[PDB]
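Contents: one structure, followed by commentary.
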Amino acid sequence: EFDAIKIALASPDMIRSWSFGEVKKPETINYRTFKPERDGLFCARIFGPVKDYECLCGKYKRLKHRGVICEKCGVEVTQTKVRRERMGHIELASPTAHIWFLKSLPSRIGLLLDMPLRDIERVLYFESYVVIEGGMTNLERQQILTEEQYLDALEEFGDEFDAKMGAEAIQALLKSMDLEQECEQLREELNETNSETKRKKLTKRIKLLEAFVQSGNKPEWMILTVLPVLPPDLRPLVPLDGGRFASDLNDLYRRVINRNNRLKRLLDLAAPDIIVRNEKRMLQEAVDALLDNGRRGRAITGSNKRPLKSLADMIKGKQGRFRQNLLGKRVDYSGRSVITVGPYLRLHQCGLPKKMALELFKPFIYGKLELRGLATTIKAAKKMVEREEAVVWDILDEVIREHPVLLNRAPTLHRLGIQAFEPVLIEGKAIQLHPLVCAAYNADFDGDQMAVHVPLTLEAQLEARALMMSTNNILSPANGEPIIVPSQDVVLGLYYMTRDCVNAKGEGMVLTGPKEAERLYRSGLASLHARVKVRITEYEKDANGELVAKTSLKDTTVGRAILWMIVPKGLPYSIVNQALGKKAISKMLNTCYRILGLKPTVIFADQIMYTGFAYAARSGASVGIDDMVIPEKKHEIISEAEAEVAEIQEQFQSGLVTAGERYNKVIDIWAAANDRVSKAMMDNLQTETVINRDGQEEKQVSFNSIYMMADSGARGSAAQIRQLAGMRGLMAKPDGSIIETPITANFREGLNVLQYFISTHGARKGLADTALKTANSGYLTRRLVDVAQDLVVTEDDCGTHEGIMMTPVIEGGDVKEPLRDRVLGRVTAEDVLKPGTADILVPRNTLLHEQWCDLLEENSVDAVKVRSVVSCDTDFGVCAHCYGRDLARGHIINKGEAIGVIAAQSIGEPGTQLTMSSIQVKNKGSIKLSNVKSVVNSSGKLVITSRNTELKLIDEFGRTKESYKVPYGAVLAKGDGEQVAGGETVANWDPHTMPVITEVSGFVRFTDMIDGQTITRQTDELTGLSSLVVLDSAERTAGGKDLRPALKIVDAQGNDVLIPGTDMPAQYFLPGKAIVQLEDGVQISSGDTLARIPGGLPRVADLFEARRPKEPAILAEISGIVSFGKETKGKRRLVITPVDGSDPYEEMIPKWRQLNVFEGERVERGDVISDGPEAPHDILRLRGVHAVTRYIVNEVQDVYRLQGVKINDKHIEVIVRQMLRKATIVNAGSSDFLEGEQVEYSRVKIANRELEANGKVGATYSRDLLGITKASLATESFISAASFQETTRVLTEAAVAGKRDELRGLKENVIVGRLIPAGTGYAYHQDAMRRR
Amino acid sequence: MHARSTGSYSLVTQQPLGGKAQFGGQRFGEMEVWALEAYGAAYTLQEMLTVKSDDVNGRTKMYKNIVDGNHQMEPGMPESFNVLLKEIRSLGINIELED
DNA sequence: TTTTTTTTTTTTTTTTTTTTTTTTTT
DNA sequence: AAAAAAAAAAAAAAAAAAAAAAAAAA
Ligand SMILES: [Zn+2]
Ligand SMILES: [Zn+2]
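From first to last, the protein sequence lines stand for chains J and I.
For the first sequence, the positions run 16 to 261, 263 to 932, 948 to 1125, 1136 to 1373 when the authors' numbering is used.
For the second sequence, the positions run 1243 to 1341 when the authors' numbering is used.
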């Protein structure tokens, strides 16, 4: 309908434009009759008639006279709605100061005039003075005076000089100030002045002044001269049940009117200066309390001693209108009850108890009734329906013929927790709910009470049936897996289908088709499953969307062939020819959707449900005590473990071992025994079925119910069945330390008092942790949504060439996430270059869906440059191509559809599910190295002279299937560009001790080694060959402190050896506390040692907050040769000298850290200095946007994968992009924004973009990595901030800025109550945007 | 079991009451608001929080549509926006709509 | 003479500020 | 060697999770 709301400062002309009268008298109501008073708080002509089209005099009650005013009472005959709307005003003889700017803190006025707040406060309340146009006097223009020095000024300068007091003086000051000169002088001071406090206050002053210049407001408007007054209806006078009239705003306005009238009367009578001073002070205080009571000192009171309510109160606090009525409300036409299944229903449809239908649709039934004319009047229709007469049910069916409704759950974590369905009228008193969707609702049938809502407008029906419909909601938003996977029971039946018994009825014949297979099964002539060749037909779509029907014999189980019918035509048979695990069936649905679209998937899933339930009933799948088996070896294994622990305890008693070591070995052997028991029982379970084959004997997979359950993946896991049959492992204590004695017994047998007691400790710890985790996950999810409420898709394509690089992930072991998953559904930024080089494998800006991804996979594409949202160049939004596929839908994301909310919600949903040496290369491939700087040691092996080195095993194809981080000086049996057999130990090293391996070879002279002052001669008591020991700084004398321990290699001639690539000698300095092994007169080989140098959900939350770690891993700010600086000035100083750049940057370090780099090393920026936790912000400002984003996504993905839940990275991409929206300027350039000024990225981006579009230059900036909560605070949407914990500062800033608040943003549209500019409304809004 | 179609409004605000002892209605939470926002469904959220929890023309005309058999809404604008706007106007604040 | 006002019969967290210490230049 | 600016670390102040009778003023 309209566009961005505009805020600004009120003006007296604006005020009188809005107002339509003055309340010159303080009366409210006659209180003898019920008529009002003329020009009172309730007035007729000023506001309007109390009643509908009735003059107060009563001259014109007729609609014909609408609009024309009477003359007896001068009342415009009109609806009383005008009274709700018409403002008013009060003329103020003296200017009144606006309290909001007086105590905004930072007070706008105090710092606009550049004046302290105490002084201006004293001046306002009429106990001081202020110089106005001081000119050629002994008095500064800004100076304040008091009574005695006011008299002094009168004496010396009773002439032209003028000094005033109070709000009138402040108004004169505000009129007598200049804007452009202030900007000029302040800019000059900022350019020249170099005091940081001065710089800060000046940038604040200049930003405010230049904004106000940008604003059309005038400073005197900050001073009130005419006071607007509320319409009477919004300040109602409610008569209680008796002769009494209880709103305090009426009292405040009455007091203000009385004070103003008395001030006018005194001025007419010309009361002395002190009396008018006091009256003005009282009027100012009255206006202040009216606006803000309690903002000033001790507030006025209401009833007895309790404070009354002011306008700020009306707007602030929980009772404030934003927090009062824009929040979780209650809803009519809503219901709730506990839920049941009714499996015979369909996922496109839901149950609903008949009574709920009766009460919910009363107006609908009334409309259909009066349409049929069964009872014309509404009251009779109400009587008919409450009587529950016969015909009403026909009407109910008619209205329910097509009228979907919303079903909801209380803990609405992810968006499927609300969902649209078609009701069917069901008897009873509980809601039948479709089975599979419950898993999406994660709502067990423990007694969960779900609620129900009903859309009203046909557009809402369209939205529900088109958007919130189960048919339209089959895949998760977090990722593409079908959320409709069957959960626990029907999966058992299907597993029972596709499993073979070697010999039974119906084993060893042939069938022409599945139909006779079902016929024979139902006959009981054949078993449910047996290997049998049967002819089946498939219908393949390899052609250009054309069916090809082929047929052939296939060996299969009877149940499997019976299942084949339910498959749609498109799919093949190999997919069903397996055991059909939960993952297997999940990918079955995945294939069905990916090949045959949606409706065939829906029908297929429905029939899967029905048939699997039916045949699970046929199964008689049971469970019994005998069905669990305890291997006899459990007794023997436990006996062996008891003997071993007794032996180790005796060994400890013998003193060979310690208590700690004793306990460690004991728990190790207990765990090993438990593993043996687990293997024994699993073998006993899986293949227990040993039977004749129709011959002698055969062993097959077991048909015990428990193994069918576990292997089917219906419920549980290996650990739980391990608990059921065997020992339930080792329990920890409340302190968390694992207990020495495991749970020797198992559940099937009895558990002693103690084992149950400890298990209860553990379980209760888990329960309390679950409760705490629930609360914390809820709070964190709240944070994630509120930070990301704004972001929305607004453009298709940013036309950007720039994107992220995506590769598989290897932590130092197996690849944990492949390239196919990370890249799917995403539009490539750069084309794919296969290693058939000079091959554009795919276009440059195309979406990558499953067929393309598989093409890439078989093409062995390892690293792909893909578009990302962070790289999006969308002004005030995001480009669709930057975002790629909209998961939960097939097509690319559509225009307008917002994604921040769904991203936050998806990432937050599993917050409940979260938790609160040497290397043996396995694969065979050639050796590649990264960050490579190595040398052949004396022994001939390859050692690495680069800390950040990493080894890749280039596979036979060419891709890096294995990657491992190589520490320093590692032992390599091979080298780069060579071949290593699979399973050959090349990666090995000594993790302890930091080596002093030498780059070059030559005599090792004592260059700068002072004995007895710098180093000490410590003798070894084992062999005899001692070693010089370098002390630390503090232990030695200060004289030896500066004397460095240096090891300079020299050739046979004694001259320095020039290291290749440079001329500096091979000096190898040492740190403190270093044992210098070698001595003078010894030549060394290359790579030879010289001396012996001695998480859960909160983690994710901190990563969002990006909190600095306890000991950050310091990185190199700037590239260049490193060097040491001043020593022990609290911290040691390092300086990097770029070879050509500027050196003087120095960095302090607490030298107690185990440093990494040597003194004479030349490095690139963003290079680790101290090792440990890594901050994000350093990565941003040194590596860049891509590095920090990649780290964050990798870590969070690792966490969620560790917990077993998968989430698409794009959600983290968008939350990170929002997290970094702000930035700090580096230079103003041609732009007017100040140097250190902090500004939102998009603003300066568009600004310098347009500036460079002209001949002018842009500006330099630096993106800032702001914490999520801080970013939420720092948002241009002040309406959001107004509803965010405060109104005073927010509205002061908005008014002084006069910001035209974009409808962009999400909560704000809800807060004002207008439509979302995200979904349909977006499109609608565009029409409005097209209209304007 | 409990539901409601058209009962009494709360004294402090024109919103449905809650609970069973008093004939209230189900409570729509803010996470449910976020989920609605998650779906593209726009009119649903607006009417649910506006006419199913205010506008005199909106609810009256909805009654007329439903009794007439029409299923359609004039969204208009819910007067609470006007309450806030004129409250701000009473303050020395020039806040206004735009084209 | 009547009505309104004044007086007598809770703890935790965060942020803002101020003081002291440390670094730098004269 | 000494003065002054800047840093940061501690402290505390602010925010958020009742009726009856007498005196004074109109
Ligand atoms: Zn009249
Ligand atoms: Zn873009």
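For each residue, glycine too, the CB sits at the ideal point set by N, CA and C.
Contact set for residue i: own chain, Cβ-Cβ below 7 Å, skip 5 residues either direction
{"i": "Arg137 of chain J", "result": "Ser143"}
{"i": "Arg1373 of chain J", "result": "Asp18"}
{"i": "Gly1137 of chain J", "result": "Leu930, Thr931 and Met932"}
{"i": "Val963 of chain J", "result": "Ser977, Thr980 and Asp1007"}
Heavy atom of ligand 2 within 6 Å of residue i beta-carbon
{"i": "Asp878 of chain J", "result": "no"}
{"i": "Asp889 of chain J", "result": "yes"}
{"i": "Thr816 of chain J", "result": "yes"}
{"i": "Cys198 of chain J", "result": "no"}
{"i": "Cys898 of chain J", "result": "yes"}
{"i": "residue 262 of chain J", "result": "Examination of chain J shows a numbering gap from 261 to 263; residue 262 of chain J is inside it and therefore has no coordinates."}
Beta-carbon contacts of residue i that lie in its chain and below 6 Å, excluding the five residues immediately before and after
{"i": "residue 1133 of chain J", "result": "What the structure lacks is residue 1133 of chain J: chain J is numbered 1125, then 1136, with the residues between left out."}
{"i": "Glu523 of chain J", "result": "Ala546"}
{"i": "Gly815 of chain J", "result": "none"}
{"i": "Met581 of chain J", "result": "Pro530"}
Anticipated Cβ contact below 8 Å, residue i with residue j, distance rounded
{"i": "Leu412 of chain J", "j": "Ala373 of chain J", "result": "6 Å"}
{"i": "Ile1177 of chain J", "j": "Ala1154 of chain J", "result": "Not quite, the Cβ-Cβ distance comes to about 17 Å (not below 8 Å), so this is no contact."}
{"i": "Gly924 of chain J", "j": "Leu796 of chain J", "result": "7 Å"}
{"i": "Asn276 of chain J", "j": "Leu24 of chain J", "result": "Going by Cβ atoms, the distance from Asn276 of chain J to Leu24 of chain J rounds to 22 Å, so no, they are not a contact pair."}
{"i": "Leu139 of chain J", "j": "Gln300 of chain J", "result": "7 Å"}
{"i": "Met466 of chain J", "j": "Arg352 of chain J", "result": "7 Å"}
{"i": "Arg346 of chain J", "j": "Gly1267 of chain I", "result": "5 Å"}
{"i": "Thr1016 of chain J", "j": "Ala1001 of chain J", "result": "The Cβ separation is near 12 Å, so there is no contact."}
{"i": "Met1315 of chain I", "j": "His469 of chain J", "result": "Going by Cβ atoms, the distance from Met1315 of chain I to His469 of chain J rounds to 15 Å, so no, they are not a contact pair."}
Check: residue i C-beta below 6 Å from any heavy atom of ligand 1
{"i": "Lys87 of chain J", "result": "yes"}
{"i": "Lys1306 of chain I", "result": "no"}
{"i": "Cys70 of chain J", "result": "yes"}
{"i": "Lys79 of chain J", "result": "no"}
{"i": "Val90 of chain J", "result": "yes"}
8 Å CB neighbourhood of residue i in its chain, flanking five on each side removed
{"i": "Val272 of chain J", "result": "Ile105, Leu242, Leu299, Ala302, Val303 and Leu306"}
{"i": "residue 262 of chain J", "result": "Missing here is residue 262 of chain J: after 261, the next number in chain J is 263."}
Cβ-heavy atom distance, residue i to ligand 3, below 6 Å
{"i": "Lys74 of chain J", "result": "This structure lacks ligand 3; its bound ligands are ligand 1 and ligand 2."}
**OP:** Indicate whether the contact test is met: 3 or more Cβ pairs, each with one atom in the region 812-828 of chain J and one in the region 1333-1346 of chain J, closer than 8 Å.
**Re:** Output reads no: the region 1333-1346 of chain J does not touch the region 812-828 of chain J.
Original post:
Quick one: any contact between the region 977-986 of chain J and the region 1271-1286 of chain J, if contact means 3 or more CB pairs under 8 Å?
Top reply: Judged by pairs of C-beta atoms under 8 Å, the region 977-986 of chain J does not touch the region 1271-1286 of chain J, as fewer than three such pairs exist.
Original post:
What are the uninterrupted segments assigned as alpha helix (DSSP H) that are 4 or more residues long and contained completely in the region 1048-1122 of chain J, given in chain order?
Top reply: 1069-1073, all fully within the region 1048-1122 of chain J.
Subject >> Meets three-Cβ-pair contact criterion under 8 Å: the region 837-847 of chain J and the region 899-909 of chain J >> reply: Output reads yes: the region 899-909 of chain J touches the region 837-847 of chain J.
Original post:
Between the region 1092-1107 of chain J and the region 1199-1210 of chain J, do at least 3 Cβ pairs fall closer than 8 Å?
Top reply: In short, these stretches touch, since the Cβ pair count reaches three.
Subject >> Uninterrupted alpha helix (DSSP H) stretches inside the region 370-437 of chain J (no shorter than 4 residues) >> reply: If we require 4 residues or more, the alpha helix (DSSP H) runs fully inside the region 370-437 of chain J come out as 370-376, 378-388, 394-403 and 408-415.
Original post:
Would you call the region 1255-1266 of chain J and the region 1306-1319 of chain J in contact, with 3 or more CB pairs under 8 Å?
Top reply: These segments touch.
**OP:** Count the C-beta pairs between the region 177-186 of chain J and the region 145-164 of chain J that are closer than 8 Å, then say yes if the count reaches three, no if not.
**Re:** With the cut-off at 8 Å, the region 177-186 of chain J and the region 145-164 of chain J touch.
**OP:** Starting from the N-terminal side, write out each stretch of the alpha helix (DSSP H) that is 4 residues or longer and does not extend beyond the region 131-171 of chain J.
**Re:** Correct list: 132-139.
**OP:** Evaluate contact between the region 514-521 of chain J and the region 458-469 of chain J, counting only Cβ atoms and requiring at least three cross-stretch pairs below 8 Å.
**Re:** With a cut-off of 8 Å, the region 458-469 of chain J and the region 514-521 of chain J do not count as touching, because too few Cβ pairs lie within range.
Original post:
What runs of the alpha helix (DSSP H), each 4 residues or longer, lie entirely inside the region 314-345 of chain J?
Top reply: Those alpha helix (DSSP H) runs which fall completely within the region 314-345 of chain J and span 4+ residues are 327-331 and 337-341.
Original post:
Whole beta strand (DSSP E) runs in the region 712-783 of chain J with 3 or more residues, listed along the chain?
Top reply: Listed in chain order, there is nothing to give.
**OP:** May I ask you to verify whether the region 1257-1273 of chain I touches the region 330-349 of chain J, counting CB pairs closer than 8 Å and requiring at least 3?
**Re:** A contact exists between the region 1257-1273 of chain I and the region 330-349 of chain J.
**OP:** Pair every Cβ in the region 481-491 of chain J with every Cβ in the region 432-439 of chain J, then say whether three or more of these pairs are closer than 8 Å.
**Re:** A contact exists between the region 481-491 of chain J and the region 432-439 of chain J.
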